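Engineer: Below is one structure. I have some questions about it.
FYI, it's all coordinate maths here, none of it is from the lab. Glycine gets a Cβ as well: all are built from the backbone with ideal geometry, and neighbour counts include every protein chain shown.
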């Protein structure tokens, strides 16, 4: 099932550059990338969690992976 | 929320089952949504550059 809409994607695009409609194929590609991202991130996080000898997914886990494999600091 | 809350929640919960995870803290969904928005935001910025 869809986790991101064409609309919400387009708002994101607009936010970066108000006058710039993105090519549909590029929209699909990006939607696909968001899917791979959620997949890999959550998957890698669950590993970190399981390592904590835990079973509940927590921000801590996702954040740790983002910082380490993506150097994303949020 | 940038991403669709309900299906996101379900999909995260779904990926966890395959990886020893039984539960997930509530705001984890929002966090993932935020991270995904950043992932896409950077690519778009780069693409427009």
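Engineer: Rounded to whole Å and ordered largest first, report the semi-axes of the equivalent ellipsoid of chain B derived from its Cα gyration tensor (root of 5λ).
Structural biologist: Calculated on Cα positions only, the semi-axes equal 26, 11, 8 Å.
Engineer: Moving on. Given R₀ = 25 Å, FRET efficiency for residue A:21-residue A:74 by Cβ-Cβ distance, to 0.05?
Structural biologist: Taking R0 as 25 Å, the efficiency between residue A:21 and residue A:74 is 0.35.
Engineer: Could the peptides B:15-27, A:40-52, A:22-34 be put in order, highest first, of the mean number of other beta-carbon atoms found within 10 Å of their residues?
Structural biologist: So the peptides B:15-27, A:40-52, A:22-34, ranked by packing, come out A:40-52, B:15-27, A:22-34.
Engineer: Would you kindly give the portion of the calculated P(r) for chain A that falls above 14 Å, as a percent of all Cα pairs?
Structural biologist: The share of Cα pairs beyond 14 Å in chain A comes to 67 percent.
Engineer: Report the full-extension gain for the segment residue A:51 to residue A:29: residue separation times 0.36 nm, less the Cα-Cα distance, to one decimal in nm.
Structural biologist: 4.6 nm
Engineer: At 222 nm, what value in deg cm²/dmol follows for chain A if DSSP H runs of at least 4 each add -39500 (n - 2.57) and the sum is divided by all its residues, to the nearest 500?
Structural biologist: That calculation yields -20500 deg cm²/dmol at 222 nm.
Engineer: Taking a point 7 angstrom from the Cα of residue A:60 along the C-beta vector, which residues in region B:21-49 have backbone N less than 15 Å away?
Structural biologist: B:23-28
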